[PDB]
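Q: Structure file input31.csv (CSV, C-alpha atoms) right here:
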chain,number,residue,atom,x,y,z
A,7,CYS,CA,14.6,-5.2,-2.6
A,8,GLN,CA,16.5,-4.1,0.5
A,9,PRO,CA,16.4,-0.3,1.0
A,10,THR,CA,19.3,1.7,2.2
A,11,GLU,CA,17.8,2.2,5.7
A,12,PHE,CA,18.1,0.1,8.8
A,13,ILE,CA,17.3,0.2,12.5
A,14,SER,CA,20.3,0.5,14.9
A,15,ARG,CA,19.4,-0.6,18.4
A,16,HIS,CA,22.1,0.5,20.7
A,17,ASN,CA,22.6,1.9,24.2
A,18,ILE,CA,23.7,5.4,25.2
A,19,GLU,CA,27.3,4.4,24.8
A,20,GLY,CA,26.7,3.3,21.2
A,21,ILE,CA,27.1,-0.4,21.8
A,22,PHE,CA,24.6,-2.1,19.5
A,23,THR,CA,22.2,-4.6,21.2
A,24,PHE,CA,20.3,-5.5,18.0
A,25,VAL,CA,21.1,-4.7,14.4
A,26,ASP,CA,18.9,-4.6,11.4
A,27,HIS,CA,19.3,-7.0,8.4
A,28,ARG,CA,19.3,-4.2,5.9
A,29,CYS,CA,22.6,-2.9,7.3
A,30,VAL,CA,24.5,-5.1,4.9
A,31,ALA,CA,22.6,-3.5,2.0
A,32,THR,CA,23.2,0.0,3.4
A,33,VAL,CA,26.8,0.0,4.5
A,34,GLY,CA,27.7,-3.7,3.9
A,35,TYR,CA,28.5,-4.2,7.6
A,36,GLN,CA,27.2,-7.4,9.2
A,37,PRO,CA,24.9,-7.1,12.2
A,38,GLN,CA,27.3,-9.2,14.2
A,39,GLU,CA,30.0,-6.6,13.6
A,40,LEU,CA,28.1,-3.8,15.3
A,41,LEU,CA,27.2,-6.0,18.2
A,42,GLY,CA,29.4,-5.0,21.2
A,43,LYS,CA,30.9,-2.2,19.1
A,44,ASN,CA,30.4,1.6,19.3
A,45,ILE,CA,28.8,3.4,16.3
A,46,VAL,CA,31.4,6.1,16.7
A,47,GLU,CA,34.1,3.5,15.9
A,48,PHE,CA,32.7,3.3,12.4
A,49,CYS,CA,32.1,7.0,11.9
A,50,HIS,CA,34.1,9.7,10.2
A,51,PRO,CA,36.8,10.9,12.7
A,52,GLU,CA,36.1,14.6,12.0
A,53,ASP,CA,32.4,13.9,12.4
A,54,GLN,CA,32.6,11.7,15.5
A,55,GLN,CA,31.9,14.7,17.8
A,56,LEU,CA,28.9,15.6,15.6
A,57,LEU,CA,27.4,12.2,16.3
A,58,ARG,CA,28.2,12.3,20.0
A,59,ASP,CA,26.7,15.8,20.4
A,60,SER,CA,23.6,14.8,18.6
A,61,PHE,CA,23.4,11.6,20.6
A,62,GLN,CA,23.5,13.4,23.9
A,63,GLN,CA,21.0,15.8,22.3
A,64,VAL,CA,18.4,13.1,21.5
A,65,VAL,CA,18.8,11.9,25.1
A,66,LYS,CA,17.8,15.3,26.3
A,67,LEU,CA,15.1,15.5,23.7
A,68,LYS,CA,13.6,12.1,24.8
A,69,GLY,CA,11.2,10.7,22.2
A,70,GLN,CA,12.0,13.4,19.7
A,71,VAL,CA,13.5,11.8,16.6
A,72,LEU,CA,16.7,13.6,15.8
A,73,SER,CA,18.1,12.8,12.3
A,74,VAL,CA,21.8,13.6,12.2
A,75,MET,CA,23.7,13.5,8.9
A,76,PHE,CA,27.2,12.3,8.9
A,77,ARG,CA,29.6,10.0,7.0
A,78,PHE,CA,29.7,6.3,8.1
A,79,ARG,CA,32.4,3.8,7.3
A,80,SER,CA,31.3,0.9,5.0
A,81,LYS,CA,32.7,-2.6,4.7
A,82,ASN,CA,34.7,-1.2,1.8
A,83,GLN,CA,36.3,1.3,4.3
A,84,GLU,CA,34.7,4.1,2.4
A,85,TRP,CA,32.7,7.1,3.9
A,86,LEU,CA,29.1,7.4,2.9
A,87,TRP,CA,26.6,10.1,3.9
A,88,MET,CA,24.0,8.6,6.2
A,89,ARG,CA,21.1,10.3,8.1
A,90,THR,CA,20.6,8.7,11.4
A,91,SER,CA,17.1,9.4,12.8
A,92,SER,CA,17.9,8.8,16.5
A,93,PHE,CA,14.8,8.0,18.5
A,94,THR,CA,15.3,7.6,22.3
A,95,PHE,CA,13.2,4.8,23.7
A,96,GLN,CA,11.7,5.7,27.1
A,97,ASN,CA,10.5,2.8,29.3
A,98,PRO,CA,7.1,3.2,31.0
A,99,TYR,CA,8.6,2.2,34.3
A,100,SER,CA,10.4,5.4,35.3
A,101,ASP,CA,10.7,7.0,31.9
A,102,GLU,CA,14.3,5.7,31.6
A,103,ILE,CA,15.9,5.4,28.2
A,104,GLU,CA,17.0,1.7,27.8
A,105,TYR,CA,18.5,2.3,24.4
A,106,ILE,CA,18.4,4.6,21.4
A,107,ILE,CA,16.7,3.5,18.2
A,108,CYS,CA,18.7,5.0,15.5
A,109,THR,CA,17.1,4.9,12.0
A,110,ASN,CA,20.1,4.9,9.7
A,111,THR,CA,19.0,6.0,6.2
A,112,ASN,CA,21.7,6.4,3.6
A,113,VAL,CA,21.5,9.6,1.7
A,114,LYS,CA,24.8,9.6,-0.3
B,7,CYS,CA,14.9,19.1,3.5
B,8,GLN,CA,14.1,15.3,3.6
B,9,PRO,CA,13.7,13.0,0.5
B,10,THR,CA,10.5,11.3,-0.5
B,11,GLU,CA,11.1,8.3,1.7
B,12,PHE,CA,10.3,7.6,5.4
B,13,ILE,CA,10.1,4.7,7.9
B,14,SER,CA,6.5,3.9,8.7
B,15,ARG,CA,6.6,1.9,11.9
B,16,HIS,CA,3.2,0.4,12.4
B,17,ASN,CA,1.4,-2.7,13.5
B,18,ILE,CA,0.2,-5.7,11.3
B,19,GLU,CA,-3.2,-4.0,10.8
B,20,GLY,CA,-1.5,-0.9,9.3
B,21,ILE,CA,-2.1,1.3,12.3
B,22,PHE,CA,0.8,3.7,12.3
B,23,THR,CA,2.6,3.6,15.6
B,24,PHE,CA,5.6,5.9,14.9
B,25,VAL,CA,6.3,7.8,11.7
B,26,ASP,CA,9.6,9.7,10.9
B,27,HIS,CA,9.4,13.4,10.0
B,28,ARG,CA,9.8,12.6,6.3
B,29,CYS,CA,6.2,11.8,5.4
B,30,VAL,CA,5.6,15.6,5.1
B,31,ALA,CA,7.8,15.8,2.0
B,32,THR,CA,6.5,12.4,0.7
B,33,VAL,CA,2.7,12.6,0.9
B,34,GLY,CA,2.2,15.8,2.9
B,35,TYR,CA,0.3,13.9,5.6
B,36,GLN,CA,1.5,14.8,9.1
B,37,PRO,CA,2.7,11.9,11.4
B,38,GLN,CA,-0.2,12.6,13.8
B,39,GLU,CA,-2.6,12.1,10.9
B,40,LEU,CA,-1.3,8.6,10.3
B,41,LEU,CA,-1.2,7.7,14.0
B,42,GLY,CA,-4.2,5.6,14.7
B,43,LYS,CA,-5.0,5.2,11.0
B,44,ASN,CA,-4.7,2.2,8.7
B,45,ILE,CA,-2.3,2.5,5.8
B,46,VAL,CA,-4.9,0.6,3.8
B,47,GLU,CA,-7.3,3.5,4.3
B,48,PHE,CA,-5.1,5.9,2.4
B,49,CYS,CA,-4.2,3.1,-0.1
B,50,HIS,CA,-5.5,2.9,-3.6
B,51,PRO,CA,-8.7,0.6,-3.6
B,52,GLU,CA,-7.3,-1.5,-6.5
B,53,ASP,CA,-4.1,-1.9,-4.5
B,54,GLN,CA,-5.6,-2.5,-1.1
B,55,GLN,CA,-5.5,-6.3,-1.3
B,56,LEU,CA,-2.0,-5.9,-2.9
B,57,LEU,CA,-0.7,-4.3,0.3
B,58,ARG,CA,-2.9,-6.6,2.5
B,59,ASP,CA,-1.4,-9.8,1.0
B,60,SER,CA,2.1,-8.2,1.2
B,61,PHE,CA,1.5,-7.6,5.0
B,62,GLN,CA,0.8,-11.3,5.5
B,63,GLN,CA,3.8,-12.1,3.2
B,64,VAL,CA,6.2,-10.1,5.4
B,65,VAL,CA,4.8,-11.8,8.5
B,66,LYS,CA,5.6,-15.2,6.9
B,67,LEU,CA,9.1,-13.9,6.1
B,68,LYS,CA,10.1,-12.5,9.5
B,69,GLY,CA,13.3,-10.5,9.5
B,70,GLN,CA,13.1,-10.0,5.8
B,71,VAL,CA,12.0,-7.0,3.7
B,72,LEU,CA,9.2,-7.0,1.1
B,73,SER,CA,9.0,-4.1,-1.3
B,74,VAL,CA,5.5,-3.6,-2.7
B,75,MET,CA,4.6,-0.9,-5.3
B,76,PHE,CA,1.2,0.5,-4.9
B,77,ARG,CA,-0.5,3.9,-5.1
B,78,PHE,CA,-0.8,5.9,-1.9
B,79,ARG,CA,-3.0,8.9,-1.3
B,80,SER,CA,-1.4,12.3,-0.5
B,81,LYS,CA,-2.7,15.2,1.5
B,82,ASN,CA,-3.8,16.5,-1.9
B,83,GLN,CA,-5.9,13.3,-2.3
B,84,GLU,CA,-3.7,12.4,-5.3
B,85,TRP,CA,-2.5,8.9,-6.1
B,86,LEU,CA,1.3,8.6,-6.1
B,87,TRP,CA,3.3,5.4,-6.6
B,88,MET,CA,4.9,4.3,-3.4
B,89,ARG,CA,7.5,1.5,-3.1
B,90,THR,CA,6.8,0.4,0.5
B,91,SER,CA,9.6,-1.8,1.8
B,92,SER,CA,8.0,-3.7,4.7
B,93,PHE,CA,10.5,-5.2,7.1
B,94,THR,CA,9.3,-7.5,10.0
B,95,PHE,CA,11.2,-6.7,13.2
B,96,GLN,CA,11.7,-9.8,15.3
B,97,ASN,CA,12.0,-9.3,19.0
B,98,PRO,CA,15.0,-11.3,20.3
B,99,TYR,CA,12.9,-12.4,23.3
B,100,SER,CA,10.5,-15.1,22.0
B,101,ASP,CA,10.7,-14.2,18.3
B,102,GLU,CA,7.6,-11.9,18.5
B,103,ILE,CA,6.9,-9.3,15.8
B,104,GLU,CA,6.8,-6.0,17.7
B,105,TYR,CA,6.0,-3.9,14.6
B,106,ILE,CA,6.4,-3.7,10.8
B,107,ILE,CA,9.0,-1.3,9.4
B,108,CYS,CA,7.5,0.0,6.2
B,109,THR,CA,10.1,2.1,4.4
B,110,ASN,CA,7.8,4.2,2.2
B,111,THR,CA,9.8,5.3,-0.9
B,112,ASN,CA,7.9,7.4,-3.4
B,113,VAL,CA,8.6,6.5,-7.0
B,114,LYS,CA,5.9,8.4,-8.9
Could you render the structure from this file as structure tokens?
A:
Amino acid sequence: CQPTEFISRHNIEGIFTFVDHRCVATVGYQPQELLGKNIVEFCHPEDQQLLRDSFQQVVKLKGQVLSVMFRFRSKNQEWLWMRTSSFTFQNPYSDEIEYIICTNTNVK
Amino acid sequence: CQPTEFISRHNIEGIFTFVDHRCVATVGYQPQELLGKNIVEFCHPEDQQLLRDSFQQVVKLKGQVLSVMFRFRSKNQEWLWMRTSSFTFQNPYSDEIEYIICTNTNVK
């Protein structure tokens, strides 16, 4: 059984580099759909800033998992409540964040 | 304010590498308590091999999720039914398993 939770590997811009397989069970969106696209493009317009603010926040946090709750757009074009536990991945080289590992868990 | 479900990112041996801040409401065990510990240690004896085989199963799957229902020990040392959805993350480099994403969903 595929749970309503998936890992969203994307850079600071929101461009996904690697999408989970459980995304289709969560929002119904195919991994290939998120690839090259911004997560903000599939987020509730009035909650887009909420995502961005929290995104920049998790970058400043660095390593601190910040779960932001917002409404994401499904393949049905609907808006579901998802809690994205964003985890900034720091590289051991110079402590640079290569990408943000967002744990997208559907709540509603 | 989090549900009885959390993403348990750990290695094949069960050693928790990264645990979301949801385990507190699920089992009471703090993330730091799980870090460096085997999930099988806090697992019900009669369900240890169950989880063990499931771990090997998810490795054979690769990129697939395997939901196993066993009894996990809480901070109260009580046995609760947990539906651990193990997902094997495949690194897009040489297809190496970086870690196992075990979405622990408490049922009973």
Q: Residues within 6 Å of (10.2, 0.1, 11.6), file coordinates, counting all atoms listed in the file: what are they? Give the list as a PyMOL selection string.
A: chain B and resi 13+15+106-107
Q: Please determine the contact residues of chain A with respect to chain B at a cut-off of 12 Å, counting all atoms listed in the file, and supply them as number ranges by chain.
A: A: 7-15, 23-29, 31, 69-75, 89-93, 95, 107-114
Q: Take the residues just selected and output them with C-alpha atoms as a PDB file, in the frame of the given file.
A:
ATOM      1  CA  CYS A   7      14.600  -5.200  -2.600  1.00  0.00           C
ATOM      2  CA  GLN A   8      16.500  -4.100   0.500  1.00  0.00           C
ATOM      3  CA  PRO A   9      16.400  -0.300   1.000  1.00  0.00           C
ATOM      4  CA  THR A  10      19.300   1.700   2.200  1.00  0.00           C
ATOM      5  CA  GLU A  11      17.800   2.200   5.700  1.00  0.00           C
ATOM      6  CA  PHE A  12      18.100   0.100   8.800  1.00  0.00           C
ATOM      7  CA  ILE A  13      17.300   0.200  12.500  1.00  0.00           C
ATOM      8  CA  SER A  14      20.300   0.500  14.900  1.00  0.00           C
ATOM      9  CA  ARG A  15      19.400  -0.600  18.400  1.00  0.00           C
ATOM     10  CA  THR A  23      22.200  -4.600  21.200  1.00  0.00           C
ATOM     11  CA  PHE A  24      20.300  -5.500  18.000  1.00  0.00           C
ATOM     12  CA  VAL A  25      21.100  -4.700  14.400  1.00  0.00           C
ATOM     13  CA  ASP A  26      18.900  -4.600  11.400  1.00  0.00           C
ATOM     14  CA  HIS A  27      19.300  -7.000   8.400  1.00  0.00           C
ATOM     15  CA  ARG A  28      19.300  -4.200   5.900  1.00  0.00           C
ATOM     16  CA  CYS A  29      22.600  -2.900   7.300  1.00  0.00           C
ATOM     17  CA  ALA A  31      22.600  -3.500   2.000  1.00  0.00           C
ATOM     18  CA  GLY A  69      11.200  10.700  22.200  1.00  0.00           C
ATOM     19  CA  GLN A  70      12.000  13.400  19.700  1.00  0.00           C
ATOM     20  CA  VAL A  71      13.500  11.800  16.600  1.00  0.00           C
ATOM     21  CA  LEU A  72      16.700  13.600  15.800  1.00  0.00           C
ATOM     22  CA  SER A  73      18.100  12.800  12.300  1.00  0.00           C
ATOM     23  CA  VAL A  74      21.800  13.600  12.200  1.00  0.00           C
ATOM     24  CA  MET A  75      23.700  13.500   8.900  1.00  0.00           C
ATOM     25  CA  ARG A  89      21.100  10.300   8.100  1.00  0.00           C
ATOM     26  CA  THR A  90      20.600   8.700  11.400  1.00  0.00           C
ATOM     27  CA  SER A  91      17.100   9.400  12.800  1.00  0.00           C
ATOM     28  CA  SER A  92      17.900   8.800  16.500  1.00  0.00           C
ATOM     29  CA  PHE A  93      14.800   8.000  18.500  1.00  0.00           C
ATOM     30  CA  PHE A  95      13.200   4.800  23.700  1.00  0.00           C
ATOM     31  CA  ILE A 107      16.700   3.500  18.200  1.00  0.00           C
ATOM     32  CA  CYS A 108      18.700   5.000  15.500  1.00  0.00           C
ATOM     33  CA  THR A 109      17.100   4.900  12.000  1.00  0.00           C
ATOM     34  CA  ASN A 110      20.100   4.900   9.700  1.00  0.00           C
ATOM     35  CA  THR A 111      19.000   6.000   6.200  1.00  0.00           C
ATOM     36  CA  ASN A 112      21.700   6.400   3.600  1.00  0.00           C
ATOM     37  CA  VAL A 113      21.500   9.600   1.700  1.00  0.00           C
ATOM     38  CA  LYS A 114      24.800   9.600  -0.300  1.00  0.00           C
TER      39      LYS A 114
END
Q: With distances taken over all atoms listed in the file, which residue among A:66, A:16, A:35, A:79 lies nearest residue 47 in chain A?
A: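 Nearest to residue 47 in chain A: A:79.
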Q: Grab the Cα RMSD for chain A fitted onto chain B, all atoms paired in sequence order, one decimal please.
A: 0.5 Å
Q: Please measure the separation of CA of residue 85 in chain A and CA of residue 48 in chain A, giving the value in Å to one decimal.
A: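 One can read the CA of residue 85 in chain A to CA of residue 48 in chain A distance as 9.3 Å.
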Q: Just the residues within 9 Å of residue 81 in chain B, please, counting all atoms listed in the file, with nothing from its chain fewer than 6 positions along; format it as a PyMOL selection string.
A: chain B and resi 33-36
Q: Which of these residues is nearest to residue 64 in chain A, using only C-alpha atoms: A:94, A:44, A:38, A:82?
A: A:94
Q: Work out how far apart CA of residue 50 in chain B and CA of residue 87 in chain B are and give it in Å to one decimal.
A: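 Answer for the CA of residue 50 in chain B to CA of residue 87 in chain B separation: 9.6 Å.
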Q: To one decimal in Å, tell me the separation between CA of residue 18 in chain B and CA of residue 53 in chain B.
A: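 According to the coordinates, CA of residue 18 in chain B and CA of residue 53 in chain B are separated by 16.8 Å.
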Q: Looking at B:78, B:102, B:42, B:37, which one is nearest to residue 56 in chain B, with distances taken over only C-alpha atoms?
A: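 Of the candidates, the smallest distance to residue 56 in chain B is held by B:78.
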Q: Do a neighbour search on residue 45 in chain B at 9 Å with all atoms listed in the file, toss out local chain neighbours closer than 5 positions, and write the hits as a VMD selection string.
A: chain B and resid 16 19 to 22 40 57 78
Q: Choose the residue, out of A:76, A:88, A:41, A:104, that has the smallest atom-to-atom separation from residue 55 in chain A; count all atoms listed in the file.
A: A:76
Q: Quick one: range 35-64 of chain B with N, CA and C atoms, as a PDB file, in the frame of the given file?
A:
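Everything below was put into out-v9.pdb:
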ATOM      1  N   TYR B  35       1.027  14.277   4.382  1.00  0.00           N
ATOM      2  CA  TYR B  35       0.300  13.900   5.600  1.00  0.00           C
ATOM      3  C   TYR B  35       1.222  13.947   6.790  1.00  0.00           C
ATOM      4  N   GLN B  36       0.746  14.605   7.834  1.00  0.00           N
ATOM      5  CA  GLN B  36       1.500  14.800   9.100  1.00  0.00           C
ATOM      6  C   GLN B  36       1.517  13.435   9.828  1.00  0.00           C
ATOM      7  N   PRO B  37       2.590  13.147  10.588  1.00  0.00           N
ATOM      8  CA  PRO B  37       2.700  11.900  11.400  1.00  0.00           C
ATOM      9  C   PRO B  37       1.481  11.651  12.243  1.00  0.00           C
ATOM     10  N   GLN B  38       0.995  12.709  12.882  1.00  0.00           N
ATOM     11  CA  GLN B  38      -0.200  12.600  13.800  1.00  0.00           C
ATOM     12  C   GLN B  38      -1.415  12.180  13.008  1.00  0.00           C
ATOM     13  N   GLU B  39      -1.463  12.486  11.717  1.00  0.00           N
ATOM     14  CA  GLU B  39      -2.600  12.100  10.900  1.00  0.00           C
ATOM     15  C   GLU B  39      -2.598  10.617  10.615  1.00  0.00           C
ATOM     16  N   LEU B  40      -1.406  10.046  10.512  1.00  0.00           N
ATOM     17  CA  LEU B  40      -1.300   8.600  10.300  1.00  0.00           C
ATOM     18  C   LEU B  40      -1.434   7.807  11.535  1.00  0.00           C
ATOM     19  N   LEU B  41      -1.053   8.399  12.662  1.00  0.00           N
ATOM     20  CA  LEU B  41      -1.200   7.700  14.000  1.00  0.00           C
ATOM     21  C   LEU B  41      -2.603   7.361  14.263  1.00  0.00           C
ATOM     22  N   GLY B  42      -2.851   6.068  14.422  1.00  0.00           N
ATOM     23  CA  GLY B  42      -4.200   5.600  14.700  1.00  0.00           C
ATOM     24  C   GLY B  42      -4.998   5.313  13.475  1.00  0.00           C
ATOM     25  N   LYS B  43      -4.358   5.418  12.319  1.00  0.00           N
ATOM     26  CA  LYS B  43      -5.000   5.200  11.000  1.00  0.00           C
ATOM     27  C   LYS B  43      -4.402   3.979  10.337  1.00  0.00           C
ATOM     28  N   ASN B  44      -5.185   3.329   9.489  1.00  0.00           N
ATOM     29  CA  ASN B  44      -4.700   2.200   8.700  1.00  0.00           C
ATOM     30  C   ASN B  44      -4.103   2.650   7.423  1.00  0.00           C
ATOM     31  N   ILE B  45      -2.948   2.107   7.071  1.00  0.00           N
ATOM     32  CA  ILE B  45      -2.300   2.500   5.800  1.00  0.00           C
ATOM     33  C   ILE B  45      -3.154   2.104   4.619  1.00  0.00           C
ATOM     34  N   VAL B  46      -4.011   1.105   4.806  1.00  0.00           N
ATOM     35  CA  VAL B  46      -4.900   0.600   3.800  1.00  0.00           C
ATOM     36  C   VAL B  46      -6.011   1.662   3.468  1.00  0.00           C
ATOM     37  N   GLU B  47      -6.289   2.526   4.442  1.00  0.00           N
ATOM     38  CA  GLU B  47      -7.300   3.500   4.300  1.00  0.00           C
ATOM     39  C   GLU B  47      -6.901   4.602   3.287  1.00  0.00           C
ATOM     40  N   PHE B  48      -5.613   4.912   3.282  1.00  0.00           N
ATOM     41  CA  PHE B  48      -5.100   5.900   2.400  1.00  0.00           C
ATOM     42  C   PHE B  48      -4.472   5.215   1.146  1.00  0.00           C
ATOM     43  N   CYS B  49      -4.707   3.918   1.045  1.00  0.00           N
ATOM     44  CA  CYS B  49      -4.200   3.100  -0.100  1.00  0.00           C
ATOM     45  C   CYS B  49      -5.207   3.047  -1.187  1.00  0.00           C
ATOM     46  N   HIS B  50      -4.700   2.979  -2.410  1.00  0.00           N
ATOM     47  CA  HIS B  50      -5.500   2.900  -3.600  1.00  0.00           C
ATOM     48  C   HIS B  50      -6.392   1.607  -3.506  1.00  0.00           C
ATOM     49  N   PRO B  51      -7.718   1.730  -3.710  1.00  0.00           N
ATOM     50  CA  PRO B  51      -8.700   0.600  -3.600  1.00  0.00           C
ATOM     51  C   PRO B  51      -8.172  -0.636  -4.404  1.00  0.00           C
ATOM     52  N   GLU B  52      -7.796  -0.445  -5.665  1.00  0.00           N
ATOM     53  CA  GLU B  52      -7.300  -1.500  -6.500  1.00  0.00           C
ATOM     54  C   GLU B  52      -5.976  -2.097  -6.038  1.00  0.00           C
ATOM     55  N   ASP B  53      -5.373  -1.461  -5.043  1.00  0.00           N
ATOM     56  CA  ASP B  53      -4.100  -1.900  -4.500  1.00  0.00           C
ATOM     57  C   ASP B  53      -4.158  -2.248  -3.047  1.00  0.00           C
ATOM     58  N   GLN B  54      -5.369  -2.214  -2.497  1.00  0.00           N
ATOM     59  CA  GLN B  54      -5.600  -2.500  -1.100  1.00  0.00           C
ATOM     60  C   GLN B  54      -5.211  -3.956  -0.759  1.00  0.00           C
ATOM     61  N   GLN B  55      -5.772  -4.896  -1.512  1.00  0.00           N
ATOM     62  CA  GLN B  55      -5.500  -6.300  -1.300  1.00  0.00           C
ATOM     63  C   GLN B  55      -4.008  -6.585  -1.597  1.00  0.00           C
ATOM     64  N   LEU B  56      -3.436  -5.809  -2.516  1.00  0.00           N
ATOM     65  CA  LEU B  56      -2.000  -5.900  -2.900  1.00  0.00           C
ATOM     66  C   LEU B  56      -1.180  -5.714  -1.613  1.00  0.00           C
ATOM     67  N   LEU B  57      -1.453  -4.611  -0.925  1.00  0.00           N
ATOM     68  CA  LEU B  57      -0.700  -4.300   0.300  1.00  0.00           C
ATOM     69  C   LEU B  57      -1.099  -5.273   1.398  1.00  0.00           C
ATOM     70  N   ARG B  58      -2.378  -5.623   1.461  1.00  0.00           N
ATOM     71  CA  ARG B  58      -2.900  -6.600   2.500  1.00  0.00           C
ATOM     72  C   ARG B  58      -2.129  -7.892   2.402  1.00  0.00           C
ATOM     73  N   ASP B  59      -2.058  -8.489   1.217  1.00  0.00           N
ATOM     74  CA  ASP B  59      -1.400  -9.800   1.000  1.00  0.00           C
ATOM     75  C   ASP B  59       0.123  -9.596   1.367  1.00  0.00           C
ATOM     76  N   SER B  60       0.682  -8.452   0.984  1.00  0.00           N
ATOM     77  CA  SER B  60       2.100  -8.200   1.200  1.00  0.00           C
ATOM     78  C   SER B  60       2.366  -8.131   2.742  1.00  0.00           C
ATOM     79  N   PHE B  61       1.398  -7.646   3.516  1.00  0.00           N
ATOM     80  CA  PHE B  61       1.500  -7.600   5.000  1.00  0.00           C
ATOM     81  C   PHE B  61       1.653  -8.999   5.525  1.00  0.00           C
ATOM     82  N   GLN B  62       0.821  -9.898   5.018  1.00  0.00           N
ATOM     83  CA  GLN B  62       0.800 -11.300   5.500  1.00  0.00           C
ATOM     84  C   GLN B  62       2.144 -11.939   4.994  1.00  0.00           C
ATOM     85  N   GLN B  63       2.602 -11.537   3.810  1.00  0.00           N
ATOM     86  CA  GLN B  63       3.800 -12.100   3.200  1.00  0.00           C
ATOM     87  C   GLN B  63       5.031 -11.749   4.120  1.00  0.00           C
ATOM     88  N   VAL B  64       5.132 -10.496   4.551  1.00  0.00           N
ATOM     89  CA  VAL B  64       6.200 -10.100   5.400  1.00  0.00           C
ATOM     90  C   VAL B  64       6.203 -10.763   6.756  1.00  0.00           C
TER      91      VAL B  64
END
